[PDB]
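*Asks:*
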Ligand SMILES: [Zn+2]
């Protein structure tokens, strides 16, 4: 009723983006601030009502989550989906989804930190996203804040689904967030040990949001995704916006910590494995898998795995993450390790 065809289709069509609101029969409120920005407010908001930012498309070619979000919007508008939490749905960067690329000028998910950046289409976008976050979390209790940034991996992995929890002094690794991971059947969660520049990290660092960057499957065109493999996640996400089905029958996702961070020191840097190297590819102690100048790269422990490898990474930046399972527990409602 608010859309010509659907949230994702309208967003993708350049010829339609003026603000508009709408109140559903069940009391749910929908507000389209601008292209790809949809707020959903529950009929009966309370002090315990969650404020969830659900973003997708930070990278244009990662369509699966966009499709899931599109169906959730459709179900909420038809009353089929019960709405209990205040949400902000975002399809960031629709222009890149059209070019079917990761980005147009620069990786949007590296532009949220305080470093200096050159002017790019993505910079201006990131600038706008920081504003949307601010407006949505304004006058909300920190404990109610959630930010789920939905992505897709660019390479294979023994973990079809996994998530990354940002590093901040704020307690953003809660019991509810972890329960969500488990209910969603996310195979593993990587706990960052260093401040980042992602959209997820920005919410955690600046608004203490229970935030994650979630890798849902692989990249594929719209209508050509392996959607069934995301059924568990989608159901867990629907239960979250509806504040329902709070069970603990599922298994704990694997918890990883950063063994060490690899930084490119010289121009002559490379890995021995192929470019289609899978995330979480493990190594044995002392195994060489690359080299930086003269000094080779080899596993330190016996339980290390490589994550997010990138040999094109400019000099001085990180080329990879070495991770390993970690012994975890909850201390004062925060998931910590060791
Ligand atoms: Zn991504």
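In full-length UniProt numbering, the protein residues as written are 4 to 19, 21 to 342.
Don't be surprised by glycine CBs; every beta carbon is placed ideally from N, CA and C.
Express the C-alpha separation of residue 226 and residue 325 in angstroms, rounding to a whole number.
*Replies:* Taking the first residue of the chain shown as position 1, residue 325 is located at position 321. Taking the first residue of the chain shown as position 1, residue 226 is located at position 222. So the two alpha carbons sit approximately 30 angstroms from each other.
*Asks:* Please report the Cβ distance between residue 190 and residue 56, rounded to the nearest whole angstrom; I am assuming they are in contact, meaning their Cβ atoms lie under 8 angstroms.
*Replies:* Reading the chain shown from its first residue, position 186 is the one you call residue 190. Reading the chain shown from its first residue, position 52 is the one you call residue 56. In fact, because the Cβ distance is near 16 angstroms, the residues do not count as touching under 8 angstroms.
*Asks:* Does DSSP classify residue 327 as helix, strand or coil?
*Replies:* If you number the chain shown from 1, residue 327 lands on position 323. Strand at residue 327.
*Asks:* May I ask you to check if the CB of residue 62 is nearer than 7 angstroms to at least one heavy atom of ligand 1?
*Replies:* Translated into the one-based positions of the chain shown, residue 62 becomes position 58. Within the cutoff, so yes.
*Asks:* Looking at the structure shown, is residue 73 part of a helix, part of a strand, or coil, going by DSSP?
*Replies:* Within the chain shown, numbered from 1, the residue matching residue 73 stands at position 69. Helix, per DSSP.
*Asks:* If you measure between the beta carbons of residue 154 and residue 259, is that distance less than 8 angstroms?
*Replies:* As a first step, residue 154 is located in the chain shown; it is residue number 150 there, counting from the start. As a first step, residue 259 is located in the chain shown; it is residue number 255 there, counting from the start. Their beta carbons are not under 8 angstroms apart, which means residue 154 does not touch residue 259 by this criterion.
*Asks:* So does residue 110 have its beta carbon nearer than 7 angstroms to some heavy atom of ligand 1?
*Replies:* To locate residue 110, count along the chain shown from 1; it is residue 106. Residue 110 Cβ: outside cutoff for every heavy atom of ligand 1.
*Asks:* Can you tell me whether residue 82 is helix, strand or coil according to DSSP?
*Replies:* Here residue 82 is taken as the residue at index 78 of the chain shown, counted from 1. It is coil, neither helix nor strand.
*Asks:* Give the secondary structure of residue 279 by DSSP, where H, G and I count as helix, E and B as strand, and everything else as coil.
*Replies:* Translated into positions along the chain shown, residue 279 becomes position 275. It is coil, neither helix nor strand.
*Asks:* With distances taken Cα to Cα, identify the nearest neighbour of residue 97 among 203, 295, 303, 327.
*Replies:* Mapped onto the chain shown, residue 97 falls at position 93. Of the candidates 203, 295, 303, 327, the one whose C-alpha sits nearest the C-alpha of residue 97 is 203.
*Asks:* Buried or exposed: where does residue 90 fall if 16 or more other Cβ atoms within 10 Å of its Cβ makes it buried?
*Replies:* To locate residue 90, count along the chain shown from 1; it is residue 86. By the 10 Å Cβ count, residue 90 comes out buried.
*Asks:* Rounding to the nearest angstrom, what Cα-Cα distance links residue 125 and residue 139 in this structure?
*Replies:* Position 121 of the chain shown, counted from the first residue, corresponds to residue 125. Position 135 of the chain shown, counted from the first residue, corresponds to residue 139. Those two C-alpha atoms are separated by around 22 angstroms.
*Asks:* Look up residue 215 in the DSSP assignment and give the residues it is bridged to.
*Replies:* Position 211 of the chain shown, counted from the first residue, corresponds to residue 215. Partner(s): 151.
*Asks:* Who are the Cβ neighbours of residue 162 in its own chain at under 6 angstroms, not counting the five residues just before and after it?
*Replies:* Taking the chain shown and counting its residues from 1, one reaches residue 162 at position 158. Here the set comprises 284.
*Asks:* Report the rounded CA-to-CA distance for residue 107 versus residue 130, giving the unit in angstroms.
*Replies:* Along the chain shown, one-based indexing puts residue 107 at 103. Along the chain shown, one-based indexing puts residue 130 at 126. Cα to Cα, the separation comes out at about 12 angstroms.
*Asks:* In chain order, what residues of the same chain lie with their CB nearer than 6 angstroms to the CB of residue 264, ignoring the 5 residues before and after it?
*Replies:* Within the chain shown, numbered from 1, the residue matching residue 264 stands at position 260. So the list reads 326, once near-sequence residues are dropped.
*Asks:* Taking only three categories from DSSP, how would you classify residue 172?
*Replies:* Position 168 of the chain shown, counting from 1, holds the residue named residue 172. Three-state DSSP puts residue 172 in coil, outside helix and strand.
*Asks:* For residue 274, I'd like the list of residues in its chain whose CB is within less than 8 angstroms of its CB, leaving aside the five on either flank, ordered along the chain.
*Replies:* Translated into positions along the chain shown, residue 274 becomes position 270. Excluding residues within five positions, the ones whose Cβ falls inside 8 angstroms are 294, 295, 315.
*Asks:* For residue 247, I'd like the list of residues in its chain whose CB is within less than 7 angstroms of its CB, leaving aside the five on either flank, ordered along the chain.
*Replies:* One-based indexing of the chain shown puts residue 247 at position 243. Answer for residue 247: 88, 89, listed in chain order.
*Asks:* Just reading off the beta strand (DSSP E) that residue 1 is part of, what are its end residues?
*Replies:* One cannot answer for residue 1 here, as it falls past the ends of the chain, which runs 4 to 342.
*Asks:* Rounded to the nearest angstrom, what separates residue 152 and residue 145 at their Cα positions?
*Replies:* Taking the first residue of the chain shown as 1, we reach residue 152 at position 148. Taking the first residue of the chain shown as 1, we reach residue 145 at position 141. If you take the alpha carbons of residue 152 and residue 145, they lie about 17 angstroms apart.
*Asks:* Just the C-alpha distance for residue 280 and residue 166, rounded to the nearest angstrom, thanks.
*Replies:* On the chain shown, position 276 is the one that residue 280 refers to. On the chain shown, position 162 is the one that residue 166 refers to. Residue 280 and residue 166: Cα-Cα distance of roughly 18 angstroms.
*Asks:* Is the beta carbon of residue 45 less than 8 angstroms from the beta carbon of residue 33?
*Replies:* One-based indexing of the chain shown puts residue 45 at position 41. One-based indexing of the chain shown puts residue 33 at position 29. Yes.
*Asks:* Taking residue 12 as the reference, give the member of 289, 256, 328, 73 with the closest Cα.
*Replies:* Residue mapping note: residue 12 aligns to position 9 of the chain shown, counting from 1. Closest by alpha carbon: 73.
*Asks:* Looking at the strands, I want to know which residues DSSP matches up with residue 23.
*Replies:* Your numbering for residue 23 matches position 19 in the chain shown. Looking at the DSSP assignment, residue 23 forms no beta bridge with any residue, so it has no partner.
*Asks:* If you draw a straight line from the C-alpha of residue 199 to the C-alpha of residue 77, how long is it?
*Replies:* Sequence index remark: in the chain shown, residue 199 carries index 195 (1-based). Sequence index remark: in the chain shown, residue 77 carries index 73 (1-based). Using only the alpha carbons, I get a separation of about 32 angstroms.
*Asks:* Assuming residue 220 and residue 156 make a contact with CB atoms under 8 angstroms, what is their CB distance in whole Å?
*Replies:* Here residue 220 corresponds to residue number 216 of the chain shown, with the count starting at 1. Here residue 156 corresponds to residue number 152 of the chain shown, with the count starting at 1. Their Cβ separation, rounded to whole angstroms, is 6 angstroms, which keeps residue 220 and residue 156 in contact under 8 angstroms.
*Asks:* By the three-class DSSP mapping on this structure, what secondary structure does residue 20 have?
*Replies:* Coordinates for residue 20 are lacking, as the chain steps from 19 to 21 with nothing built in between.
*Asks:* What distance in whole Å lies between the Cβ atoms of residue 206 and residue 116, which are believed to be in contact at a cut-off of 8 angstroms?
*Replies:* In the chain shown, residue 116 corresponds to position 112, counting from 1. In the chain shown, residue 206 corresponds to position 202, counting from 1. Correct: roughly 4 angstroms between the Cβ atoms.
*Asks:* Comparing alpha-carbon positions, which option in 6, 339, 169 lies nearest residue 81?
*Replies:* Taking the first residue of the chain shown as 1, we reach residue 81 at position 77. Ranking the options by Cα distance to residue 81, first place goes to 6.
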